[PDB]
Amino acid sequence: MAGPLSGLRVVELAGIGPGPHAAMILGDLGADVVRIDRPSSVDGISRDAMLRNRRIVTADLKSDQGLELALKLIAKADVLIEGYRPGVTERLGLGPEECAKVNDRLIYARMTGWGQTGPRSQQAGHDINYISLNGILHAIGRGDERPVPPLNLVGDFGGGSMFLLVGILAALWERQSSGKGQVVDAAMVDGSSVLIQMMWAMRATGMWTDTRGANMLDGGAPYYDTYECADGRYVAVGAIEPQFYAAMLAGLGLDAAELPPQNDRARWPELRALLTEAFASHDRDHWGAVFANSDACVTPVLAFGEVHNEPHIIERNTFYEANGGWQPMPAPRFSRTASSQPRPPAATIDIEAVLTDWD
């Protein structure tokens, strides 16, 4: 298996959202990922591409034999991922202490939204809920409107799977010197708060407010926002640095002297009206051409379906073709031990076969 994580062994108890994503990236980077699902949900070659780079086995973990078969996998493995409510793995007899009996070296990786304990620890939830509680969701969207969910990118993946991964791999490093595994408690409400640490810093130095739509990076700044163009498509402007901002104005055809100052926030509505009129006067592709090779920080805002036609995307192979269409190639990239193209999710294999393979 290609990638820096060649020979890492990972057992994934099938859940939803962050756990599968973390498991995927491990797979992507060449880890040996065995996913235990329940026989009831498994009907054919699973067609969720988030289950790439896996071997899928079924096993009723409530049966005596399914438990036993699972503890044998875990004994042969480096990392266990689970994404159930607290208590769940314990009652299956798959809890951290049961696992430590058969393998004191296991990285035991617990992926929740609310954490392992506390008043909300048994509440069901999705991304939108974890980010509502810690300030993040309130800060996203236009000021005159209700907050908008940034898909499930921030709680599940950014503040969720990714911290699970940082924990699994930091624990593996610690183990190199201690001989021992341990438990990683990755809570989305915690990870996403670290993910947004820059805002908490800026709030302390009076550089961020709790008003939605009134900040440098939330869409409130005329030089950090999207603009609608003549064809109804959009560009993104991110010209924070004054030098980049100046280059943008020249390219728009605007004389900096007739404008309010870049950072005079009281005059932001006025500045925005002037930039809005300028961007609206040509189409998106025009601006893409005009600002190619510039530091103006102006880029076309592409829909998913257009991304495969963008030179910079094509030439770095950020995507590979599959199945219905494009999927992202592994990230990040490695000079010596390079990941390879993901393997699609294969037919269910039998859990004994896997045990043979790992003896």
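Numbering starts at 1 and follows the sequence shown.
Among other compared entries that model residues flanking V33, every one gives it coordinates, keeping it clear of the one-third cutoff. In at least a third of the other compared PDB entries of this protein that cover both flanking sides, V42 is left without coordinates.
When the C-alpha B-factors of 142 to 150 and 94 to 102 are averaged, 94 to 102 comes out higher.
Higher mean CA temperature factor, per the PDB entry, when comparing 173 to 181 with 273 to 281: 173 to 181.
Set against one another, the Cα B-factors of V298, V290, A303, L51 in the record reach their highest point at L51. By the numbers in the PDB entry, the CA B factor is greatest at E258 among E258, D231, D264, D210. When the CA B factors of the chain's modelled residues are split into thirds, the value for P20 lands in the lowest one. The PDB entry assigns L195 a C-alpha temperature factor belonging to the lowest third of its chain's modelled residues. For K76, the recorded CA B-factor ranks within the highest third of the chain. Only modelled residues enter the ranking.
When the modelled residues of the chain are ordered by their C-alpha B factor, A201 lands in the highest third. In the PDB entry, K62 places in the highest third of its chain by CA B-factor.
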